[PDB]
Participant: 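Here it is: the structure, laid out below.
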Amino acid sequence: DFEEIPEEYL
Amino acid sequence: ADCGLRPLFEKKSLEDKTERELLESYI
Amino acid sequence: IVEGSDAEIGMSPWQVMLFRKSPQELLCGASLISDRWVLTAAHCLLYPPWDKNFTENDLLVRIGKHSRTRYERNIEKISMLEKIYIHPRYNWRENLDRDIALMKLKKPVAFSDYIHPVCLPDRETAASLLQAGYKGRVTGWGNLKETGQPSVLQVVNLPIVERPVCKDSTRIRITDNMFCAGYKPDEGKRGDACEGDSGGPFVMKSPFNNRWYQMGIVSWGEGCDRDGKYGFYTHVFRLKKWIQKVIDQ
Ligand SMILES: N=C(N)c1ccc(CNC(=O)[C@@H]2CCN2C(=O)[C@H](NCC(N)=O)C2CCCCC2)cc1
Ligand SMILES: *[C@@H]1O[C@H](CO)[C@@H](O[C@@H]2O[C@H](CO)[C@@H](O)[C@H](O)[C@H]2NC(C)=O)[C@H](O)[C@H]1NC(C)=O
Ligand code: NA
Ligand code: NA
């Protein structure tokens with residue numbers, strides 16, 4: 001249920 | 001340093017809704 | 001947090017979320033102590049009874065958050081860990097004695113309206129504030145109940161409880177490196193930290209200089225918000241010499 005985080009943070 | 005002083009509260013002289021409860025407990 | 005309230009925006013700018021990369025989930029709370037150092041509970045990173053043994057590369061620190069689940073674009077800052085430091089005498093076998101850990105950030109975090117470090121107490125701030133009846137504040141994205149999850153950061157104010165009362169509430173041996181907080185059944189008011197709140201800060205606002213100090217770290221309890229039971233916290237000032245040593249490097 002956690003929104004995806006920008007790819008830049010691995 | 002500027003530790004423990006909140007930009008949206010102490011830095012603006014604004015109080016949050018319950019901090020007075022903490023102060024009132026420091027008898 | 002059980003029996004708390006939604007935090008106000010920027011109310012706890014030192015609040016840190018410890019986030020597991022895979023699967024994407026809340027690991028623990030934590031706190032920002034400088035632009036490069038994050039403070040948490042050792043059991044958030046190392047807990048052999050539950051096969052917990054996280055390394056630097058397994059997690060991320062999310063700073064400046066309010067919403068538990070959403071990616072707070074232009075508000076939160078996500079950082080990677082350079083190094084984890086667990087207290088060398090952390091007692092995970094028995095009672096979580098010295099439940100404390102430091103995490104060095106790869107890059108310094110930039111301060112903002114939502115991101116700001118909390119103070120660490122000196123001997124006098126500790127002596128003057130750590131008194132039975134004096135209230136502190138606990139924050140976190142943990143369970144709303146013992147047996148669901150909040151949408152936003154939760155807050156609860158809780159009084160420090162007398163050492164004999166803490167000791168008499170449990171079968172677990174209590175040390176000088178811990179203190180307990182919470183209301184008695186007679187007091188009326190309720191509240192407690194719970195699973196997912198671990199590692200988070202127990203803070204107090206100094207009436208002398210109006211700055212917030214981190215006096216405790218959410219450590220353990222037996223259930224959440226049970227009558228006659230109290231939440232236990234790592235006593236930060238008692239372990240400050242270890243903190244200073246690791247930061248001084
Ligand atoms: N009510 C609180 N204030 C509270 C309760 C739990 C937590 C989360 N912390 C943990 O789960 C850590 C790792 C082991 N542990 C526990 O709390 C154990 N209880 C586990 C439990 N579910 O009660 C606790 C049992 C007594 C001996 C020490 C360990 C944080 C705050
Ligand atoms: C937790 O995990 C670490 C690995 O991240 C274990 O550390 C290893 O320990 C052995 C001996 O016990 C050393 O020879 C290795 O070089 C270690 N590796 C690192 C990266 O430190 C550790 O033993 C695990 N369990 C506990 C209970 O701490
Ligand atoms: Na006892
Ligand atoms: Na209780």
Side-chain angles (χ1 to χ4, degrees), chain C residues 1-4 15-18 20 25-31 39-54 68 86-87 89-101 132-133 135-150 153-203 214-236:
Chain C
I1 307 284
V2 183
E3 288 293 316
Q15 185 77 207
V16 174
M17 182 188 279
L18 295 191
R20 192 181 196 167
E25 59 178 22
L26 166 71
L27 216 142
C28 264
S31 74
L39 184 65
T40 196
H43 86 264
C44 285
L45 304 161
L46 180 64
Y47 198 57
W50 301 344
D51 292 289
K52 191 181 290 176
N53 189 353
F54 299 111
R68 180 178 61 97
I86 297 158
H87 196 291
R89 305 179 62 194
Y90 159 51
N91 188 351
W92 51 266
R93 304 183 162 268
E94 181 197 358
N95 56 358
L96 264 40
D97 195 30
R98 306 182 191 84
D99 190 13
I100 196 166
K135 293 177 180 183
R137 175 178 286 176
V138 188
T139 47
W141 292 275
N143 289 10
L144 299 164
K145 266 155 191 178
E146 197 189 302
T147 310
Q149 349 243 227
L153 187 64
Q154 295 293 299
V155 61
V156 72
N157 303 325
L158 301 169
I160 292 169
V161 172
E162 305 95 293
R163 185 173 156 99
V165 182
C166 295
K167 182 197 158 61
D168 283 349
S169 76
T170 183
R171 299 168 75 149
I172 307 304
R173 176 183 63 98
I174 312 313
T175 67
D176 297 354
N177 303 307
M178 29 181 109
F179 64 92
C180 87
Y183 292 105
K184 305 188 180 174
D186 94 269
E187 292 177 308
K189 293 186 200 172
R190 298 195 76 75
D192 197 8
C194 197
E195 261 77 13
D197 296 318
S198 297
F202 173 100
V203 300
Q214 187 170 166
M215 304 313 297
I217 298 156
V218 180
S219 183
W220 64 273
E222 292 166 290
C224 309
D225 198 38
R226 290 194 203 168
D227 272 20
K229 295 288 194 165
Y230 303 94
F232 286 75
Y233 301 84
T234 309
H235 187 313
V236 171

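Just the heavy atoms: all of them, side chains too, but no hydrogens, waters or symmetry mates, feed the values below. Order of listing sets the numbers, starting from 1, for every ligand and every atom in it. Proteins get letters first, then strands, A, B, ... in listed order; numbering begins at 1 in each.
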Participant: Charged N to carboxylate O under 4.0 angstrom, C:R89 versus C:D97?
Facilitator: no
Participant: Locate the shortest heavy-atom distance separating C:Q214 from C:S31; write the atom from each residue and the value.
Facilitator: NE2-OG, 2.6 Å
Participant: Under the criterion side-chain contact (heavy atoms from CB on, under 4.5 Å), which of C:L39, C:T40, C:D99 is the partner of C:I217?
Facilitator: C:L39
Participant: Keeping the roles fixed (side chain from C:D168, backbone from C:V165), state whether a donor-acceptor pair exists under 3.5 Å.
Facilitator: no
Participant: Using a cut-off of 3.0 Å, how many protein N, O or S atoms sit around the Na ion (ligand 3)?
Facilitator: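 With waters ignored, the protein N/O/S count below 3.0 Å is 2.
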Participant: For C:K52, look at atom NZ and say whether over 12 heavy atoms of other residues, nucleotides or ligands are found less than 6.0 Å away.
Facilitator: yes
Participant: Does atom CZ (C:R173) have a neighbourhood of more than 12 heavy atoms from anything else shown, all under 6.0 Å?
Facilitator: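 Enclosed: over 12 neighbouring heavy atoms sit under 6.0 Å from CZ of C:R173.
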Participant: Checking the side chain of C:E146 only, and the main-chain atoms of C:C224 only, is there a donor and an acceptor separated by less than 3.5 Å?
Facilitator: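 At least one qualifying donor-acceptor pair exists.
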Participant: Carefully, step by step, assess C:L158 and C:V138 under the rule side-chain contact (heavy atoms from CB on, under 4.5 Å).
Facilitator: CA-CA 8 Å; C:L158 301 169; C:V138 188; 4.2 Å; yes
Participant: With hydrogens left out, which residues have an atom under 4.0 Å from ligand 1, given that only heavy atoms count?
Facilitator: C:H43, C:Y47, C:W50, C:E94, C:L96, C:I172, C:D192, C:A193, C:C194, C:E195, C:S198, C:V218, C:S219, C:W220, C:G221, C:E222, C:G223, C:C224, C:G231
Participant: For residues C:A101 and C:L45, report the shortest heavy-atom separation together with the two atoms involved.
Facilitator: CB-CD1, 3.8 Å
Participant: Counting distance only, does the side-chain N/O of C:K229 pair as donor-acceptor with the main-chain N or O of C:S169 below 3.5 Å?
Facilitator: yes
Participant: Taking ring pair (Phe, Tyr, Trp, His ring centres under 6.0 Å) as the test, write out the residues that go with C:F202, two or more places apart.
Facilitator: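 Testing C:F202 for ring pair (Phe, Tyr, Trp, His ring centres under 6.0 Å), a comparison that skips the adjacent residues, returns C:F179, C:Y233.
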Participant: Do C:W92 and C:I86 have side chains that approach each other closer than 4.5 Å (heavy atoms only, starting at C-beta)?
Facilitator: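 Of all side-chain heavy-atom pairs linking C:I86 with C:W92, none is under 4.5 Å.
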Participant: How close do C:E162 and C:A132 get, heavy atom to heavy atom, and via which atoms?
Facilitator: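 Closest approach of C:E162 to C:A132, heavy atoms only: CG-CB, 3.7 Å.
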Participant: Please give me the protein atoms (N, O or S only) lying under 3.0 Å from the Na ion (ligand 4), ordered by chain and number.
Facilitator: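 Within the sphere that stays under 3.0 Å of the Na ion (ligand 4), the protein atoms of type N, O or S are C:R226 O, C:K229 O.
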